[PDB]
């Protein structure tokens, strides 16, 4: 396996951004990637995934910002669809902590129904520093309120 990835369940992992040298490595282990980095901060084209048969969701979140609740729901629904297909999914931004950790926390709440406080603790046990900003925490609170409705 690609040990930079940390799995929050059997199918979904989060990590820092794979370099071009790591693409075949990640493609061996994952069938889909959620790319949270802006295109202009990529060192290769996302066509690199397509030539390897890996499905791509490109839903960028600017550095040090939170996704909207609607953006987070779109990403969650897409991860669920790949997982239902039996695929393994890698979530990544650049650093592997803030934006990717937020989506990882959201996935646990969304898929397992975990409360925010436990999902947060889980992901930070995996990667200390995950979910970096107040806005990232706040969209996770909004997601929780959404889900409990």
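Residue numbers count along the first chain shown, from 1.
Residue-level temperature factors show residue 66 in the middle third of its chain, judged at the C-alpha atom. Ranked within its chain, residue 95 lands in the highest third, by CA B factor from the PDB record. Ranked by Cα temperature factor within the chain, residue 139 sits in the middle third according to the deposited record. Among the modelled residues of the chain, residue 113 sits in the middle third by CA temperature factor in this PDB entry.
Sort the chain's modelled residues by C-alpha temperature factor and residue 101 lands in the lowest third, per the entry.
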